[PDB]
>>> print(open('model-v6.txt').read())   # compact mmCIF, C-alpha atoms
# COMPACT_ATOMS: atom_id res chain seq x y z
CA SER A 1 110.43 108.78 104.73
CA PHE A 2 107.66 110.29 102.44
CA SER A 3 108.87 112.95 100.00
CA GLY A 4 107.25 115.32 97.52
CA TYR A 5 103.81 115.34 99.14
CA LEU A 6 101.51 118.35 99.23
CA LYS A 7 100.05 118.82 102.75
CA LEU A 8 96.24 119.06 102.62
CA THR A 9 95.50 119.06 106.36
CA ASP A 10 97.22 118.40 109.71
CA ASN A 11 97.30 114.64 108.86
CA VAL A 12 96.52 114.17 105.14
CA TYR A 13 99.19 114.44 102.43
CA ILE A 14 98.85 113.84 98.66
CA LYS A 15 101.21 113.12 95.77
CA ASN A 16 100.85 112.26 92.08
CA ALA A 17 102.56 108.90 92.23
CA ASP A 18 102.22 105.27 91.32
CA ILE A 19 101.51 103.63 94.73
CA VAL A 20 103.59 100.54 93.72
CA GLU A 21 106.61 102.72 92.93
CA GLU A 22 105.99 104.77 96.06
CA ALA A 23 105.76 101.62 98.22
CA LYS A 24 108.94 100.11 96.61
CA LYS A 25 110.82 103.40 97.35
CA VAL A 26 109.55 104.15 100.90
CA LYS A 27 108.88 100.54 102.15
CA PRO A 28 106.29 102.03 104.55
CA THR A 29 105.01 100.23 107.64
CA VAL A 30 101.58 100.05 105.97
CA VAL A 31 100.48 100.18 102.39
CA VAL A 32 96.72 100.20 101.84
CA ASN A 33 95.25 98.05 99.13
CA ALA A 34 92.00 98.90 97.40
CA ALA A 35 90.67 95.39 98.02
CA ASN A 36 87.42 93.65 97.28
CA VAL A 37 85.67 91.31 99.77
CA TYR A 38 87.20 88.23 98.11
CA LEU A 39 90.75 89.66 98.09
CA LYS A 40 90.81 88.91 94.34
CA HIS A 41 93.48 91.37 93.25
CA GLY A 42 92.65 91.48 89.57
CA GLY A 43 92.84 95.11 88.50
CA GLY A 44 93.25 98.71 89.59
CA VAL A 45 95.48 99.30 92.59
CA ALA A 46 95.02 95.71 93.85
CA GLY A 47 96.10 94.17 90.56
CA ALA A 48 99.12 96.44 90.44
CA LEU A 49 100.19 95.80 94.07
CA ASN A 50 99.69 92.07 93.62
CA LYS A 51 101.68 92.00 90.35
CA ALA A 52 104.53 93.83 92.14
CA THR A 53 104.60 90.99 94.74
CA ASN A 54 104.91 88.39 91.94
CA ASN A 55 101.43 87.10 92.99
CA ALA A 56 102.58 86.39 96.58
CA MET A 57 99.86 88.78 97.79
CA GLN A 58 97.21 86.74 95.97
CA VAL A 59 98.53 83.42 97.32
CA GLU A 60 98.49 84.78 100.88
CA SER A 61 95.06 86.31 100.30
CA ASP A 62 93.54 83.06 99.01
CA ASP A 63 94.74 81.26 102.14
CA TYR A 64 93.24 84.11 104.27
CA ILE A 65 89.85 83.79 102.50
CA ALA A 66 89.88 79.99 102.71
CA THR A 67 90.28 80.32 106.49
CA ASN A 68 88.16 83.39 107.26
CA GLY A 69 85.70 83.91 104.45
CA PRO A 70 85.15 87.20 102.70
CA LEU A 71 85.63 90.61 104.24
CA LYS A 72 82.70 92.99 104.70
CA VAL A 73 82.35 96.04 102.43
CA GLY A 74 83.79 98.78 104.67
CA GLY A 75 86.06 96.25 106.42
CA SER A 76 89.70 95.37 106.30
CA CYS A 77 92.34 92.88 107.20
CA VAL A 78 96.07 93.18 107.82
CA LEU A 79 98.27 90.87 105.78
CA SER A 80 101.93 90.94 104.76
CA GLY A 81 103.25 93.86 102.75
CA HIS A 82 105.63 91.44 100.95
CA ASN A 83 108.30 93.45 99.07
CA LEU A 84 106.21 96.65 99.23
CA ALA A 85 105.70 97.39 102.92
CA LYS A 86 105.88 95.74 106.37
CA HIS A 87 102.07 95.26 106.22
CA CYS A 88 99.31 95.60 103.69
CA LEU A 89 96.03 96.83 105.03
CA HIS A 90 93.45 95.47 102.60
CA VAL A 91 90.50 97.83 102.83
CA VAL A 92 87.22 97.30 101.02
CA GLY A 93 85.60 100.50 99.90
CA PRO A 94 82.13 100.27 98.33
CA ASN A 95 82.16 99.52 94.62
CA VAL A 96 79.60 101.89 93.06
CA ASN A 97 79.79 99.77 89.83
CA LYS A 98 78.29 96.85 91.96
CA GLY A 99 75.56 99.10 93.56
CA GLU A 100 77.26 99.17 96.99
CA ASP A 101 76.26 101.86 99.53
CA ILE A 102 78.58 104.88 99.05
CA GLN A 103 77.84 105.61 102.77
CA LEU A 104 80.19 102.65 103.54
CA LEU A 105 83.16 104.75 102.33
CA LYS A 106 83.41 106.43 105.76
CA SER A 107 83.46 102.98 107.45
CA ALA A 108 86.19 101.91 105.01
CA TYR A 109 88.36 104.94 105.87
CA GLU A 110 87.86 104.32 109.61
CA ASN A 111 90.12 101.27 109.22
CA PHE A 112 93.03 103.67 108.59
CA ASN A 113 92.70 105.00 112.17
CA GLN A 114 94.14 101.75 113.53
CA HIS A 115 97.55 102.65 111.98
CA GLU A 116 99.71 105.63 112.87
CA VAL A 117 100.94 106.20 109.33
CA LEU A 118 99.83 104.74 105.99
CA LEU A 119 100.60 105.00 102.29
CA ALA A 120 97.19 104.72 100.56
CA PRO A 121 95.13 105.18 97.46
CA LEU A 122 91.78 107.04 97.46
CA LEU A 123 89.23 104.41 98.46
CA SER A 124 86.46 103.58 96.03
CA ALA A 125 88.14 105.70 93.34
CA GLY A 126 89.26 104.35 89.92
CA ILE A 127 87.58 101.13 88.89
CA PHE A 128 85.47 101.17 92.08
CA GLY A 129 83.42 103.95 90.47
CA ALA A 130 83.12 106.60 93.19
CA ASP A 131 83.90 110.29 92.72
CA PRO A 132 87.54 110.70 93.84
CA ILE A 133 86.78 114.28 95.02
CA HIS A 134 84.18 112.80 97.37
CA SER A 135 86.65 110.06 98.46
CA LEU A 136 89.28 112.68 99.37
CA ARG A 137 86.68 114.66 101.35
CA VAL A 138 85.63 111.52 103.29
CA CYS A 139 89.30 110.69 103.84
CA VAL A 140 90.12 114.11 105.34
CA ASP A 141 86.95 114.09 107.47
CA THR A 142 87.43 110.50 108.74
CA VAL A 143 91.12 109.63 108.99
CA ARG A 144 92.91 111.10 112.00
CA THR A 145 96.20 109.20 111.58
CA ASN A 146 98.89 110.26 109.06
CA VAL A 147 97.83 109.29 105.57
CA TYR A 148 99.97 109.74 102.46
CA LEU A 149 97.74 109.49 99.43
CA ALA A 150 99.17 108.39 96.11
CA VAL A 151 97.05 109.45 93.11
CA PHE A 152 98.24 107.75 89.92
CA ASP A 153 96.56 110.02 87.37
CA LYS A 154 98.24 113.52 87.10
CA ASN A 155 95.09 115.08 85.66
CA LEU A 156 93.01 113.72 88.60
CA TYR A 157 95.71 114.79 91.12
CA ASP A 158 95.56 118.38 89.79
CA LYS A 159 91.75 118.36 89.93
CA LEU A 160 91.85 117.03 93.54
CA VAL A 161 94.36 119.66 94.73
CA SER A 162 92.75 122.61 92.86
CA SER A 163 89.25 121.76 94.13
CA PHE A 164 90.31 120.92 97.73
CA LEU A 165 88.40 122.98 100.21
>>> encode(input="model-v6.txt", output="structure tokens")
Amino acid sequence: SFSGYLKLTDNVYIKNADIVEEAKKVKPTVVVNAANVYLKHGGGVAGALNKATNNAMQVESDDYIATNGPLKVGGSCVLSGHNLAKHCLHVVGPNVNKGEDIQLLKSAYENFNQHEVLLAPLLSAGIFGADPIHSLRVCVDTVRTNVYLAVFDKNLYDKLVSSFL
């Protein structure tokens, strides 16, 4: 099970970890991907998770998009976790660098409530352009299920823990 996490609340845990390495070690039921509406896993967490699957995530995702069309910002879909997890919950947080409504971050985190336990990154953080401190706040105030947050950057992890109210 999950090890080395700092407990933030009754249901939110955090660790300075590479989510790919964490997923490969734990093989959780659900790993969350920081997806975009097209499931084009080019960079950030999505690029890293997809590369770890040897592009199998992208091949599955392209078939999903060909059948269903794009996701909504704030939406999600469940696909295979490949070699990383039983399932991957692809969640689309708003991309601030594309002018998307930051208010959709709460809707994005609501997708986590459909799963009892998840390994996840901070939505809309990193290359999605939102303030990770704000993302953690929305996470703790929205997610009620057990979420294990992996924060890649040590310096950001320390800032998140030390500023956590």
>>> residues_around(input="model-v6.txt", residues="residue 71 in chain A", least_positions_apart="6", cutoff="8 Å", atoms="only C-alpha atoms", output="MDAnalysis selection string")
chainID A and resid 36:38 77 92
>>> residues_around(input="model-v6.txt", residues="residue 5 in chain A", least_positions_apart="2", cutoff="12 Å", atoms="all atoms listed in the file", output="list in words")
residues 1, 2, 3, 7, 8, 9, 11, 12, 13, 14, 15, 16, 17, 22, 119, 147, 148, 149, 150, 151, 157 and 161 of chain A
>>> residues_around(input="model-v6.txt", residues="residue 84 in chain A", least_positions_apart="4", cutoff="8 Å", atoms="all atoms listed in the file", output="JSON, numbers by chain")
{"A": [20, 23, 24, 27, 28, 31, 49, 52, 53]}
>>> closest_residue(input="model-v6.txt", among="A:113, A:80, A:29, A:95", to="residue 50 in chain A", atoms="only C-alpha atoms")
A:80
>>> atom_distance(input="model-v6.txt", atom1="CA of residue 60 in chain A", atom2="CA of residue 126 in chain A")
24.3 Å
>>> residues_around(input="model-v6.txt", residues="range 61-67 of chain A", least_positions_apart="6", cutoff="9 Å", atoms="only C-alpha atoms", output="JSON, numbers by chain")
{"A": [38, 39, 40, 41, 79]}
>>> write_last_selection(input="model-v6.txt", atoms="C-alpha atoms", output="PDB file, in the frame of the given file")
ATOM      1  CA  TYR A  38      87.200  88.230  98.110  1.00  0.00           C
ATOM      2  CA  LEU A  39      90.750  89.660  98.090  1.00  0.00           C
ATOM      3  CA  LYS A  40      90.810  88.910  94.340  1.00  0.00           C
ATOM      4  CA  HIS A  41      93.480  91.370  93.250  1.00  0.00           C
ATOM      5  CA  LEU A  79      98.270  90.870 105.780  1.00  0.00           C
TER       6      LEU A  79
END
>>> closest_residue(input="model-v6.txt", among="A:133, A:56, A:140, A:30", to="residue 114 in chain A", atoms="only C-alpha atoms")
A:30
>>> atom_distance(input="model-v6.txt", atom1="CA of residue 86 in chain A", atom2="CA of residue 156 in chain A")
28.4 Å
>>> atom_distance(input="model-v6.txt", atom1="CA of residue 73 in chain A", atom2="CA of residue 21 in chain A")
26.9 Å
>>> closest_residue(input="model-v6.txt", among="A:115, A:90, A:25, A:106", to="residue 139 in chain A", atoms="all atoms listed in the file")
A:106
>>> closest_residue(input="model-v6.txt", among="A:48, A:88, A:117, A:6", to="residue 144 in chain A", atoms="all atoms listed in the file")
A:117
